[PDB]
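All the letters of the sequence shown, read from the start, carry residue numbers 1 to 196 under the deposited numbering. In this text, a Cβ means the ideal position worked out from N, Cα and C, and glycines have one as well. Since the structure comes first, as structure tokens, the remarks are kept for the end.
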Amino acid sequence: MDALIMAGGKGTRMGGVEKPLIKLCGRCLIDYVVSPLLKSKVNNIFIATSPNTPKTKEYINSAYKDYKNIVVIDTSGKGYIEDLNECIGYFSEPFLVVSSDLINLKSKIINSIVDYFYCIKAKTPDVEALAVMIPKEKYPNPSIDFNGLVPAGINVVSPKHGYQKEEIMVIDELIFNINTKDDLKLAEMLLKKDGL
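And the structure:
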């Protein structure tokens with residue numbers, strides 16, 4: 001599969017313009033996101049950026065100037081579904097969808113999502129997309145309230161023009177997103193734990 005990392009002022013947090021360039025202990029948010037994906041089952045990483053946000057884009061461009069499997073694309077990323085729609089209309093094969101504000105080792109997640117999705121198609125060919133999400137209530141970082149649902153990591157879509165059947169999977173793995181100072185502290189504590 002191919003992977004899409006859409007960093008263009010969008011992520012799974014609040015809305016408006018999320019900052020994927022928030023760096024923590026050495027790497028920027030997106031860099032932490034992309035690193036596992038690059039080494040994971042997925043071959044090429046297509047990073048979706050927008051003209052409304054090339055700072056993230058100029059960073060990415062600069063960070064991965066030696067890009068072997070890193071591909072930077074320009075699209076509607078200002079709008080989450082707008083981007084997805086553009087991307088689904090340009091890819092010839094299924095690709096992974098990610099949020100740039102998710103910090104956690106995705107290596108097992110990537111493999112699990114792809115496998116589970118393929119398993120679903122195997123039994124039910126009609127399924128073209130996969131979504132993994134977790135209840136907001138157990139989610140470690142509620143922006144406003146625990147009402148609602150949030151993606152647990154990565155998403156799978158087929159490359160078509162329009163919306164498609166998407167399956168739902170619930171996991172018990174938590175992600176740490178960075179929006180504010182407390183979040184950095186929260187995330188740095190786990191890194192600190194790994195440092196010990």
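May I ask you to report which of helix, strand or coil DSSP gives residue i?
i, result
"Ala3", "strand"
"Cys25", "coil"
"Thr53", "strand"
"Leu174", "coil"
"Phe117", "helix"
"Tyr80", "helix"
"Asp183", "helix"
"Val33", "helix"
"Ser62", "helix"
"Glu18", "coil"
"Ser112", "helix"
"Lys41", "coil"
"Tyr90", "helix"
Flag residue i as yes when its Cβ comes closer than 6 Å to any non-hydrogen atom of the ligand FAD, and as no otherwise.
i, result
"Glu173", "Ligands in the displayed structure: none, and consequently the ligand FAD is not present."
CB-CB under 6 Å to residue i, same chain, minus the five flanking residues each way: which ones, in chain order?
i, result
"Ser76", "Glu82, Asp83 and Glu86"
"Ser50", "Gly8, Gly77 and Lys78"
"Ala152", "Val132, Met133, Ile134 and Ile171"
"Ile30", "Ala7, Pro20 and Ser100"
"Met14", "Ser143"
"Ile60", "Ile47 and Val72"
"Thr53", "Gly8 and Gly9"
"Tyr64", "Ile70"
Below 7 Å CB to CB, which residues in the same chain sit around residue i once its five sequence neighbours on both sides are set aside?
i, result
"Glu93", "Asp2 and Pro159"
"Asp126", "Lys165"
"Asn43", "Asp2 and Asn69"
Assuming residue i contacts residue j (C-beta within less than 8 Å), just tell me the rounded distance between them.
i, j, result
"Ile110", "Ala48", "About 17 Å separates the two Cβ atoms, so there is no contact after all."
"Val156", "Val97", "7 Å"
"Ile45", "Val34", "6 Å"
"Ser107", "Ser40", "6 Å"
"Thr12", "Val114", "That pair is no contact at about 20 Å."
"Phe176", "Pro140", "7 Å"
On the DSSP bridge assignment, give the partners of residue i in chain order.
i, result
"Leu96", "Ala3 and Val156"
"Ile47", "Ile5 and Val72"
"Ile103", "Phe176"
Can you name, in chain order, every residue of its own chain whose Cβ lies under 8 Å from the Cβ of residue i, other than the five neighbours on each side?
i, result
"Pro142", "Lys136"
"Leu24", "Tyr32, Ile103, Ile178, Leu184, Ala187, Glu188 and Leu191"
"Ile120", "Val127, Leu130 and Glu167"
"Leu105", "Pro36"
"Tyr80", "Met6 and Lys10"
Complete beta strand (DSSP E) runs within the segment 121 to 172 (minimum length 3 residues, chain order): 129 to 135, 149 to 157 and 166 to 170
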